[PDB]
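Here's the structure, in structure tokens; my notes come after.
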Amino acid sequence: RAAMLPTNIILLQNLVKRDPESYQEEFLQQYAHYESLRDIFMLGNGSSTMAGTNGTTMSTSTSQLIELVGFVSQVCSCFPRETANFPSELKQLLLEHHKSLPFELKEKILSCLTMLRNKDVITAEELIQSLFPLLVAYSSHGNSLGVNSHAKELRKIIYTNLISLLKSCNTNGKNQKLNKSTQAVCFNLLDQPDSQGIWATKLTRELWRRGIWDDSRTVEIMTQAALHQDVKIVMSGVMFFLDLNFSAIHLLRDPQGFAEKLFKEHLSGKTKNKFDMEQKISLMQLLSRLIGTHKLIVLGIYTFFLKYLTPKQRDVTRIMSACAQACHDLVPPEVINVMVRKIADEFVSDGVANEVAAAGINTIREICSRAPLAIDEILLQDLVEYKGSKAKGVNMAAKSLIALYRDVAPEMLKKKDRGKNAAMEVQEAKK
Amino acid sequence: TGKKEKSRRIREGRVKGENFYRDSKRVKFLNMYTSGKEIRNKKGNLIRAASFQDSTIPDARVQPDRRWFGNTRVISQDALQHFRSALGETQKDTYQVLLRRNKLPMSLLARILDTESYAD
Amino acid sequence: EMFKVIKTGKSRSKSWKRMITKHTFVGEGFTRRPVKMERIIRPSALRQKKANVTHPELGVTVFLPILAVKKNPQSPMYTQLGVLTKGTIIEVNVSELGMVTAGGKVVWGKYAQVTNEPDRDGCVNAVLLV
Amino acid sequence: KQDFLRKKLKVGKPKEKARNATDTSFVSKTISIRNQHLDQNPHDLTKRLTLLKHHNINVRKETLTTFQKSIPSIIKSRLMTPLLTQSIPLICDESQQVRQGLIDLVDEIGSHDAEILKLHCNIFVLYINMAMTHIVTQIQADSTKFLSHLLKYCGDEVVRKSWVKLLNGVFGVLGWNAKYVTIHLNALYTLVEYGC
Amino acid sequence: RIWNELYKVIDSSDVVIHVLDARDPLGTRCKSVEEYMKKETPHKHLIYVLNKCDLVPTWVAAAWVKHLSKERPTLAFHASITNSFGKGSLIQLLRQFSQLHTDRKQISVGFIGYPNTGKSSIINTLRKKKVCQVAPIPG
RNA sequence: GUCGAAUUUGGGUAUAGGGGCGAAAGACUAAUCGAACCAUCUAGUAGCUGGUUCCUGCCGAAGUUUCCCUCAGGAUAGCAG
RNA sequence: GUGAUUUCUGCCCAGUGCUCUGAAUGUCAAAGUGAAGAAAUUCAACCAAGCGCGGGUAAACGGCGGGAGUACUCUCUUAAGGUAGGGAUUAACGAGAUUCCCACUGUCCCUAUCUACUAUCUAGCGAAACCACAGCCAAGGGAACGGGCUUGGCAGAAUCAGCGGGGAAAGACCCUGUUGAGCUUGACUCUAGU
RNA sequence: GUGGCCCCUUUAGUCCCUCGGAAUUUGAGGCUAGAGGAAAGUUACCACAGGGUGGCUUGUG
RNA sequence: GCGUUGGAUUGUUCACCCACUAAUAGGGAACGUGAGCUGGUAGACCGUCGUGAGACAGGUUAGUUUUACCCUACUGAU
Ligand SMILES: Nc1nc2c(ncn2[C@@H]2O[C@H](COP(=O)(O)OP(=O)(O)OP(=O)(O)O)[C@@H](O)[C@H]2O)c(=O)[nH]1
Ligand SMILES: [Mg+2]
């Protein structure tokens, strides 16, 4: 057992954690080996080329260093002397080579730094300066295109480790000195217009969901992301402000100008035609759900919808369900009359099908629930024609419009539809 | 207490034999090896016939429909010929292999006695 | 009358296995299941690929390859198993007849109804549904 | 449980393919076999290069012997610096046999071409001072053989670069048993000589 | 009795390996089964495995593999629980076929050939222990 | 089959029943072992089987009719005294 | 746990277990603390281990590929590579399973003969199984099946030695109890110990 | 013309009853009226108790 | 009416092979549950499955019923 003890680390560390005044020489016997090992790492199937590897076999030097790193990181607190430069050695092993290290060794160092920060050996203010620069470097597109670069796994590890760090730091009280510092790097990433704000948006969404970053300073970051030029950043911002919306709307600085800038930049202004329909629809949803909720006025929305309000168009049931969400009690009903007369011309016309007509009437009555004086009695009557329609979609739809105007403006309806209380209320109030 | 099916279902989120092992789906599969069996009473007579042995003569009808008598499987000549050529190219090469092979149509790939009668 | 019981084990005590006694259509890529996992047994001799389909008009019959089974009137499980009992409705290829629709598209599949009980006769005789 | 049916009209979505439209689209992947290297090629030692990592020990010994024999025909080529790169880390190997075979190989390549030793001297001394600090004593003992055989050929740029690492590693492994001490002392003589 | 087992194995198999002796592959070929597999069952794969390649020189093996790779993939092999050849290549090929048959939930591989060719020994070589009985006598 | 030894054996001694011992067969533990033997609680008990002791006279049946978580032991309609 | 020697011994800690002198936060029993009330009581806070969380381990049970780009789809590495074309020609022992050859014979064609003790007869001695009653056949009815019933064939005392066709005349397998016990497991309720 | 064609949870009681030595105030129990709706496998190592032809066919799809 | 064989083959035989022969015909009385004599549970191993105890898609091996002296029939004997 004695001759094998230097080979068995798991027993050595349990012995050292008991009586660490002893086992000094046993620790130096391994620190010297670790030093000599790091001083090294610092510096195909074709008939011709050398044969390749499977991706899971490693070197005996690396297999030893991966063990020694854990041993030293777990007994550094017992030996503060002879280990003061150890975490700095790890840090400059990582952020000066990035490439001459195998993935297992990188992962091991990344976990040992995290536990060395859980213990108060290392501070977050100097672990952040190790973790963040590796994200940008392994999202390079030139580092991630080796043979067996583990770039995606490393980018996931560093991200979840940052999350654990900030979750650690914001437990008792919110470390404002840290949050205010690592929001500045998100701001200074979103400036770089290529794609690097991905690691700001993807992180701020996580921290909002974990409730760690409920602050006005953070919603500005996602506003700037939504106002960005890159599609996968704009979408991150839009899906953040969606998730029916979340409480972040109640920490905005100017929602009306936000919606105006969005509608001007992305959809209408240059007509760059970058977003696909699946993303344009998600932008429409955000705009309409902000507008209806906060009583906004843009008036370009209501002509932008009209191109897409045709039953021969791709997935219109989402578009028309957002059309209603941008209606108010406080907008000129003529610009909605044109919309209702487009829908009526193209969905409840002659020959149209049952689903088409029912969709039209259902998306008109939920408009009129917000903007009641946006369609007049003459077309209201044309649509309550379809009460007894034998199809069971159009009947259920027309009954909703009738019950909507039975409580709001029952004089537009005819005597046949005023249902026993609207008529009685009108008979007393007409004299 | 932690090792109870109650506590397990609580911490995670019915059929006889659902444990830490062997979820719903697995129990039904493993019961196949046993209970293809025939139920009886104590005196001896069939209560419940074995599986796939119900022993009832059903009403075997087939209703009229305009969808019978119609062409069920159609193909244009140009697509047909291109499909012939590509697969004649593909299926001569043994190193090649078609992926689905079940959704694919593979089915698309004188005499003197009239004068003399054995007797003349 | 359709499923025969099959018993497994040294002391045969487990049955759980069912052999279909009648003629069957399995498909083109059948590839039997493993023995520990197969319950339904469709033996190779009771496996048809071609039928004897008659056009009522033309007084003509043809030995056509079967493409599918759409409707066996008994318990639509039997449709998925592909049991060719009497009255069963099948899709058969008709490219040998040179049928073409208005537009010039060649027809290569049509419905047919089997007229015989092929458990008694090795023949699967059928009538086209025009 | 009908024989014919429609999903629905499904406003907003693509319409459908009717009922009988045949779909003539497919994909055909092509199988790929290994080569198995059954026919002799001039690039054959490049394949035996990587057998220095083989988990077996006789494999590595016989590979080192083959590379030893094939020295004069490969001494000036594109294979020698990768040979030394891949074989130098066997200084920290678990076997006296493999370490001895590497000693023989470095003697042969030293008799032939010493500029390559002069070029690869740095990783050489790194692995030597790693073996000097190795927790395993079989490896800690056979360090000075590599050191002396290295000094035999290159000799003075090794001390021009690294002197103190060598001296303190030797004084460490000496403890400051029968023949390893003699080898350490001969290495000390040669080291102090090249320090003169 | 034997040919019933043959056809059972084929009908249960998704892949069929055809084991040949490198001493006399054309003797040990069995072309009629390949013709049956062509006409009856094109959805099966039908590859060749030269075995007992340790008994002949390397150039004979390379020649036969070249001659037979024109038609069928044709791996070369040597069967032993200790000292093997072609194991990883065959593993790679089988997992290729597995990746192709991603919907079946399992993929069966039959071993066809003359007697005394090394089918049981190839299986014992893949599993790396004695799974199937082996003997120098044929049956 | 083995026959100079992991040998064969006498007497003394130790291990006791949900226990012992086991070069492991669920083997052995006084002809009893996948839980010894003796007595008592004990006329233990289901379920089902078997049997149930003299004469004569008068009357004299019954088999989905309705239900308790499907068998099921049942509870009831009707029949007769 | 594996099971002489020799040879071989590649990779995975996703899962399940085991382990870590592993921070904080979360879950969080009793006692103890605070608030309300006239009080019984009610509420809140604090709240050990364990769990959760994240590190190690495969001559632990499992298990069998890796990475990257936009679950899918394209790409390329696959180091379970034979170190050599000498890579496998591989003991002794065994009441172990199996095939073939020589020798040898009544195993066989194809049976025959001889010896001893019985059987056999005699003196003496003297049981057991089983037993509704009994004991000749055929056809018919019939639970596929008569010794008894119907119709026919027949039928003569009392008996000895043999035989094994039938009767003697005394089995497995299948199913069921809401059974008895043995065993197993994150099945239920408990429990020694810790 | 008195509409239309087919059983375990919770709340409330003016001056409801009781808390049995008397009372008051909290609680509790009633009677009213409301609103809601304990438990898996295996046994071939086993044991017990019970049970178990319609003259049918033939050579010709 | 009288005859309708001898053998090879158990990696098997619901059979086939070559010879002799005048010929090498088919069947029943058992197999319309189960009945001379002979081949084809307890222990152990490999495979599939199962968390496991164990089970089986399998495969291999070893593995104790024991009349007639009774009536009848039959064969011979008084
Ligand atoms: N030299 C050499 N011998 C082999 C090899 N493979 C098999 N053998 C030998 O060949 C003998 C008989 O071949 P088997 O392994 O039984 O092959 P098989 O006849 O298909 O096996 P079964 O399916 O059991 O009949 C074995 O006893 C082996 O000793 C090989 O690759 N090299
Ligand atoms: Mg064989």
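Chains as they are written, first to last, in full-length UniProt numbering: chain H, 6 to 48, 66 to 265, 328 to 515; chain X, 3 to 15, 23 to 118, 129 to 139; chain Y, 132 to 261; chain U, 11 to 186, 204 to 223; chain P, 210 to 348.
Just so it is clear, CB atoms sit at the ideal spot from N, CA and C, and this is done for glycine as well.
Flag residue 324 of chain P as yes when its Cβ comes closer than 7 Å to any non-hydrogen atom of ligand 1, and as no otherwise. To locate residue 324 of chain P, count along the fifth sequence from 1; it is residue 115. It does: the Cβ of residue 324 of chain P is within 7 Å (strictly closer) of some heavy atom of ligand 1.
Which whole runs of the beta strand (DSSP E) in the stretch 215-278 of chain P are 3 residues long or more, in chain order? 224-230, 256-260
List the residues that DSSP assigns as beta-bridge partners of residue 287 of chain P. Position 78 of the fifth sequence, counting from 1, holds the residue named residue 287 of chain P. DSSP output for residue 287 of chain P lists P/294 as bridge partner(s).
For chain Y, check one thing: does any of its Cβ atoms lie closer than 8 Å to the Cβ of residue 48 of chain X? The residue given as residue 48 of chain X occupies position 39 in the second sequence. No, residue 48 of chain X does not count as interfacial toward chain Y.
Going by Cα to Cα distance, which pick from Y/162, Y/222, Y/184, Y/226 is closest to residue 222 of chain P? Taking the first residue of the fifth sequence as 1, we reach residue 222 of chain P at position 13. Cα-wise, what sits closest to residue 222 of chain P is Y/162.
Do the stretch 100-114 of chain U and the stretch 62-72 of chain U make contact, defined as three or more Cβ pairs closer than 8 Å? yes
Closer than 7 Å to a non-hydrogen atom of ligand 1 - does that hold for the CB of residue 191 of chain Y? Taking the third sequence and counting its residues from 1, one reaches residue 191 of chain Y at position 60. No, since every heavy atom of ligand 1 falls outside the 7 Å radius drawn around the Cβ of residue 191 of chain Y.
For the alpha helix (DSSP H) containing residue 181 of chain U, name the first residue and the last one. If you number the fourth sequence from 1, residue 181 of chain U lands on position 171. Residues 174-183.
Residue 236 of chain Y classed as buried or exposed, judged by whether at least 16 other C-beta atoms fall within 10 angstroms: Walking along the third sequence from the start, residue 236 of chain Y turns up at place 105. Residue 236 of chain Y should be labelled buried.
Looking at the C-beta of residue 118 of chain X, does it have a partner C-beta in chain P at a distance below 8 Å? Position 109 of the second sequence holds residue 118 of chain X. Taking Cβ atoms only, chain P never reaches closer than 8 Å to residue 118 of chain X, which makes this a no.
Which class does residue 470 of chain H belong to by DSSP, given the choice of helix, strand or coil? To locate residue 470 of chain H, count along the first sequence from 1; it is residue 386. Looking at residue 470 of chain H - three-state DSSP - the assignment turns out to be helix.
Return the bridge partner residues of residue 222 of chain Y from the DSSP annotation. On the third sequence, residue 222 of chain Y is found 91 positions in, with the first residue counted as 1. Partner(s): Y/199, Y/242.
Going by other Cβ atoms of all chains shown within 10 Å of its Cβ, with 16 needed for buried, is residue 76 of chain X buried or exposed? Residue mapping note: residue 76 of chain X aligns to position 67 of the second sequence, counting from 1. The residue is exposed, with fewer than 16 neighbouring Cβ atoms inside 10 Å.
Skipping 5 residues on each side, what residues in its chain have a beta carbon closer than 6 Å to that of residue 183 of chain U? In the fourth sequence, counting from the first residue as 1, residue 183 of chain U sits at position 173. The residues are 142, 150.
Assuming residue 38 of chain U is part of the beta strand (DSSP E), what are its boundary residues? Numbered from its first residue, the fourth sequence carries residue 38 of chain U at position 28. Segment 38-40, the beta strand (DSSP E) holding residue 38 of chain U.
Rank H/233, H/238, H/263 by C-alpha distance to the C-alpha of residue 247 of chain H and give the top, closest one. In the first sequence, the residue the question calls residue 247 of chain H occupies position 225. With distances taken between Cα atoms, residue 247 of chain H lies closest to H/263.
Along the chain, where does the alpha helix (DSSP H) that runs through residue 140 of chain H open and close? In the first sequence, the residue the question calls residue 140 of chain H occupies position 118. Segment 125-140, the alpha helix (DSSP H) holding residue 140 of chain H.
Are any of the Cβ atoms in chain Y nearer than 8 Å to that of residue 13 of chain U? Taking the first residue of the fourth sequence as position 1, residue 13 of chain U is located at position 3. Yes, contact with chain Y.
Could you check whether the stretch 450-460 of chain H touches the stretch 405-416 of chain H, counting it as contact only if at least three pairs of C-beta atoms, one from each stretch, sit closer than 8 Å? yes
Buried or exposed by the 16-neighbour rule on C-beta atoms within 10 Å, applied to residue 297 of chain P: Here residue 297 of chain P refers to the residue found at position 88 when the fifth sequence is read from its first residue. Exposed, by the Cβ-count rule.
Can you pull out the residues from the stretch 135-147 of chain U whose beta carbon lies closer than 9 Å to at least one beta carbon of chain H? 136, 137, 139, 140, 141, 142, 143, 144, 145, 146, 147
Same chain, Cβ closer than 8 Å to residue 458 of chain H, neighbours up to 5 away in sequence not counted: As a working note, residue 458 of chain H is residue 374 in the first sequence. Contacts found: 411, 417, 420, 421, 424, 451, 452.
Can you tell which of H/72, H/43, H/44, H/168 has the C-alpha that lies nearest to the C-alpha of residue 52 of chain U? The sequence position of residue 52 of chain U within the fourth sequence is 42, counting from 1. When only C-alpha atoms are compared, the closest one is H/72.
Pick from Y/190, Y/141, Y/171, Y/164 that is closest to residue 214 of chain Y, judged by C-alpha positions: Taking the third sequence and counting its residues from 1, the one referred to as residue 214 of chain Y is at position 83. Among Y/190, Y/141, Y/171, Y/164, the Cα nearest to that of residue 214 of chain Y is on Y/171.
Going by DSSP, what residues sit across from residue 193 of chain Y in a beta bridge? On the third sequence, residue 193 of chain Y is found 62 positions in, with the first residue counted as 1. DSSP lists Y/184 as partners of residue 193 of chain Y.
Taking contact to mean at least 3 C-beta pairs separated by less than 8 Å, is the stretch 72-91 of chain H in contact with the stretch 23-41 of chain H? yes
If you run the structure through DSSP and keep just helix, strand and coil, what is residue 368 of chain H? As a working mapping, residue 368 of chain H is identified with position 284 in the first sequence. Correct three-state label for residue 368 of chain H: helix.
Residue 177 of chain H, buried or exposed, once every other Cβ within 10 Å from all chains shown has been counted against 16: Taking the first sequence and counting its residues from 1, one reaches residue 177 of chain H at position 155. Under this definition residue 177 of chain H is a buried residue.
Under the criterion of a Cβ to heavy atom distance below 7 Å, does residue 165 of chain Y qualify as lining ligand 2? As a first step, residue 165 of chain Y must be located in the third sequence, where it is residue number 34. No, Cβ of residue 165 of chain Y sits at least 7 Å from all heavy atoms of ligand 2.
Which of the three DSSP states is assigned to residue 377 of chain H in this structure? Position 293 of the first sequence holds residue 377 of chain H. It is helical.
Should residue 195 of chain Y go down as buried or exposed, given a rule of 16 or more other Cβ atoms within 10 Å for buried? Position 64 of the third sequence, counting from 1, holds the residue named residue 195 of chain Y. Burial call: buried.
Report the rounded CA-to-CA distance for residue 307 of chain P versus residue 436 of chain H, giving the unit in angstroms. Walking along the fifth sequence from the start, residue 307 of chain P turns up at place 98. Walking along the first sequence from the start, residue 436 of chain H turns up at place 352. Distance between the alpha carbons of residue 307 of chain P and residue 436 of chain H is about 50 Å.
Residue 166 of chain Y by DSSP, collapsed to three states: which one? By 1-based counting over the third sequence, the position of residue 166 of chain Y is 35. Three-state result, residue 166 of chain Y: coil.
On a CA-only basis, which of H/353, H/335, H/375 is nearest residue 239 of chain H? Give me that one, please. Counting from one through the first sequence, the residue named residue 239 of chain H turns up at place 217. When only C-alpha atoms are compared, the closest one is H/335.
Tell me whether residue 319 of chain P sits in a helix, a strand or coil according to DSSP, three-state version. One-based indexing of the fifth sequence puts residue 319 of chain P at position 110. Strand at residue 319 of chain P.
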